Amino acid sequence: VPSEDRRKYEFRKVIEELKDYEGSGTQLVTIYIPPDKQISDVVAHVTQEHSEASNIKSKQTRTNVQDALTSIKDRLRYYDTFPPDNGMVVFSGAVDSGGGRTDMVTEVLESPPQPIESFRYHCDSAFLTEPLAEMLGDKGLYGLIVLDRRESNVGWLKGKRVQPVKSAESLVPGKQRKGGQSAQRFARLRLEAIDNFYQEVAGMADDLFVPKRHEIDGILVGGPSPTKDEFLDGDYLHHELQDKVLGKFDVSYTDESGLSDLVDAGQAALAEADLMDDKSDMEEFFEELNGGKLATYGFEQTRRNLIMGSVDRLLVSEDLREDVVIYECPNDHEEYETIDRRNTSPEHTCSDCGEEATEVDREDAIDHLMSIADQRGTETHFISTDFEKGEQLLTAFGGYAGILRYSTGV
Ligand SMILES: [Zn+2]
């Protein structure tokens, strides 16, 4: 299971490929399989559909549908009892190529950034990738703390889903009678329990957040009134977690559903936290550009530095949509051209000789560069286009850049 940013990029790419496909009728099959849905169960479901497909009126459709389902069965023989992490999505169907000819497409997308929730069987004129294109929305692990005077909830924001894990109660004497010329406050007793309260909440945050150590990207704290302020301002929460707190937010509901409200109210603070590694990468890149050394950009120059193993970090735009087309000249120079994915490979005149170059391969430009980076153990970061320098990586520098450790040549 590769990096999450890398998984997001792979999925968007394949999704675009799958949507380019179309059958002559209703014969493209899509199956979403949650990680807890057993394989023999879905294998059993397709057998049912394969048998039911005998009822299909037109022969051509019947043959195509049954071939697609048969191909699914065959593919699932290479999987164990359960689909991999986060589930699995299967696509299968006889697609329309040219001249009335068909081609069997069978593909499986394993382990989305966000786990598959529900099992779904779909048969259509197009592959069902829309529900998959929505679980590519968020990234990051964030701790959540909501507390009141009565209760407290601690949990996770894993991407876009909220997960309550720990909970607590007041531990102070109860509410009851107001006024009556009486005030049986337990002055010192209450403040001890309140200190003990907030300390156990820190404990909860310690039992939970220290596991995913640096893995968490921030912590949200919610609560109404000075209750949250009192909790945050007074050093109860332990400084080690006070560090990664993104901010305090006004949330007046403190049950398990308050965690979702916290995520809602802190949406702006979250989107900025998401950009932490990106903004630090690009700030470092621009300082090296202005510094005149240790920086590279553009597909050609980035590729060259990658080969030399001189690249500290490969920086590629996550919104990149280019293919690299690989060429061979009769005199043995491997040229390269980048174009948009949906564009036919361009005619290439080969500088160094002027002869017409011959296309011998084509692949995703990032996949191409990233394989080299992996050989040299170079970290590859996918830069969001949301912020200014991240957008400029794409629009000003072509979407390809690299921070060097040793600058040389050129
Ligand atoms: Zn040439």
Side-chain angles (χ1 to χ4, degrees), residues 1-17 111-113 136 139-141 214-215 217 273-327 334-341 361-410:
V1 182
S3 161
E4 192 274 346
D5 300 50
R6 198 173 307 203
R7 282 189 299 177
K8 172 178 178 178
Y9 178 83
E10 171 71 11
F11 269 61
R12 296 201 172 281
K13 178 170 52 68
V14 181
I15 284 178
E16 172 167 357
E17 303 178 11
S111 299
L136 303 167
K139 157 197 158 292
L141 186 60
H214 251 274
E215 189 142 303
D217 309 46
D274 297 332
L275 304 175
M276 171 179 170
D277 297 43
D278 283 6
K279 284 186 178 181
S280 63
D281 272 335
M282 294 304 294
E283 275 297 329
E284 187 171 352
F285 176 66
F286 274 63
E287 288 177 350
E288 293 301 323
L289 272 184
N290 302 324
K293 268 200 304 182
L294 303 177
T296 191
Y297 62 96
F299 183 82
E300 323 291 339
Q301 300 317 117
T302 302
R303 163 175 171 77
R304 294 189 174 94
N305 282 270
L306 282 166
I307 296 181
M308 308 314 297
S310 59
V311 181
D312 181 49
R313 271 154 293 162
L314 170 54
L315 311 178
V316 292
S317 180
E318 68 180 15
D319 283 19
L320 216 35
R321 290 181 61 262
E322 294 189 329
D323 278 338
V324 53
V325 182
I326 299 164
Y327 301 86
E334 185 140 300
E335 305 284 89
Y336 305 103
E337 282 265 7
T338 60
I339 52 167
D340 188 277
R341 291 174 176 156
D361 200 8
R362 173 165 174 173
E363 55 196 11
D364 183 83
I366 283 178
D367 285 339
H368 184 89
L369 293 190
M370 194 161 50
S371 50
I372 306 187
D374 286 332
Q375 301 173 22
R376 313 290 193 268
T378 298
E379 279 184 346
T380 298
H381 298 196
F382 284 77
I383 302 303
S384 169
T385 196
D386 246 316
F387 64 109
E388 202 57 40
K389 299 164 105 84
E391 169 192 317
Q392 280 151 358
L393 170 68
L394 176 59
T395 71
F397 300 101
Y400 315 89
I403 295 171
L404 310 180
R405 292 180 305 108
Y406 73 90
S407 40
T408 181
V410 144

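Hydrogens, waters and symmetry mates play no part in the numbers below; they use all other heavy atoms, side chains included. Numbers for residues simply follow the sequence, beginning at 1.
A pairwise comparison of heavy atoms in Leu320 and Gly398 identifies CD1-O, 3.6 Å as the closest pair. Here the closest heavy-atom approach between residue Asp364 and residue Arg341 is recorded as OD1-NH2, 3.3 Å. Shortest non-hydrogen contact noted between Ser317 and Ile366 is O-CD1, 3.6 Å. Across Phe382 and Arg6, no two heavy atoms sit closer than the pair CE1-CA, 4.0 Å. Smallest separation of non-hydrogen atoms from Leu404 and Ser407: CD1-CA, 4.2 Å.
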Side chain to side chain contact (heavy atoms under 4.5 Å, CB included) assessment of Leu289 paired with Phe397:
CA-CA 11 Å; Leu289 272 184; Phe397 300 101; 3.4 Å; yes

Can you list the steps and then say if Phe285 with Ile383 is a side chain to side chain contact (heavy atoms under 4.5 Å, CB included)?
CA-CA 12 Å; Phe285 176 66; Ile383 302 303; over 6 Å; no

So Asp340 and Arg321, side chain to side chain contact (heavy atoms under 4.5 Å, CB included) or not? Walk me through it.
CA-CA 6 Å; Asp340 188 277; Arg321 290 181 61 262; 2.7 Å; yes

Would you check, one step at a time, whether the test side chain to side chain contact (heavy atoms under 4.5 Å, CB included) holds for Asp217 with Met276?
CA-CA 8 Å; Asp217 309 46; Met276 171 179 170; over 6 Å; no

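Using a 4.5 Å heavy-atom threshold, the side chains of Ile326 and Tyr336 count as touching. Contact check for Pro112 versus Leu136: no side-chain heavy atoms found under the 4.5 Å cut-off. In this structure the side chain of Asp277 never reaches within 4.5 angstrom of the side chain of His381, judged on heavy atoms. Proximity of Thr385 to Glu318: side-chain heavy atoms (C-beta onward) are nowhere separated by under 4.5 Å.
Every residue meeting the side chain to side chain contact (heavy atoms under 4.5 Å, CB included) condition with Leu275, not counting sequence neighbours, appears here in chain and number order: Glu272, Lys279, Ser384, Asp386, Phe387. Qualifying salt bridge (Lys or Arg N to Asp or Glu O under 4.0 Å) partners for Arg362, counting only residues two or more places apart in sequence or in other chains: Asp323.
Checked options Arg303, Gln301, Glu322; the residue passing with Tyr400 is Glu322 (criterion: side chain to side chain donor-acceptor pair (under 3.5 Å)).
How far CG of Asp278 is from CG of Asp5: 7.0 Å, rounded to the nearest 0.5 Å. Here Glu10 contributes atom CD and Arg12 contributes atom CZ; the two are 13.0 Å apart, rounded to the nearest 0.5 Å. Separating the CD1 atom in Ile403 from the CZ atom in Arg313 is a distance of 3.5 Å, to the nearest 0.5 Å. Summarising the geometry, atom CE belonging to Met308 is positioned 12.0 Å from atom CZ belonging to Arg405; distances are rounded to the nearest 0.5 Å.
No more than 12 heavy atoms of other residues, nucleotides or ligands lie within 6.0 Å of OH in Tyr297, so this atom counts as exposed by the packing criterion. The number of heavy-atom neighbours closer than 6.0 Å to CD of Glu379, taken from other residues, nucleotides and ligands shown, is 12 or below.
In this structure a side-chain-to-backbone donor-acceptor pair under 3.5 Å is present from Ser310 to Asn305. No side-chain donor-acceptor contact under 3.5 Å links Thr302 to the backbone of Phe299. With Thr378 contributing its side chain and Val311 its backbone, the two residues share a donor-acceptor pair below 3.5 Å.
Salt bridge status for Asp274 with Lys139: absent, with no side-chain N to carboxylate O gap under 4.0 Å. Contact check on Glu4 versus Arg7 returns no salt bridge, with no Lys/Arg side-chain nitrogen under 4.0 Å from an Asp/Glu carboxylate oxygen.
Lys389 forms a cation-pi arrangement with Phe286, by the criterion of a distance under 6.0 Å to the ring centre and an angle within 45° of the ring axis.
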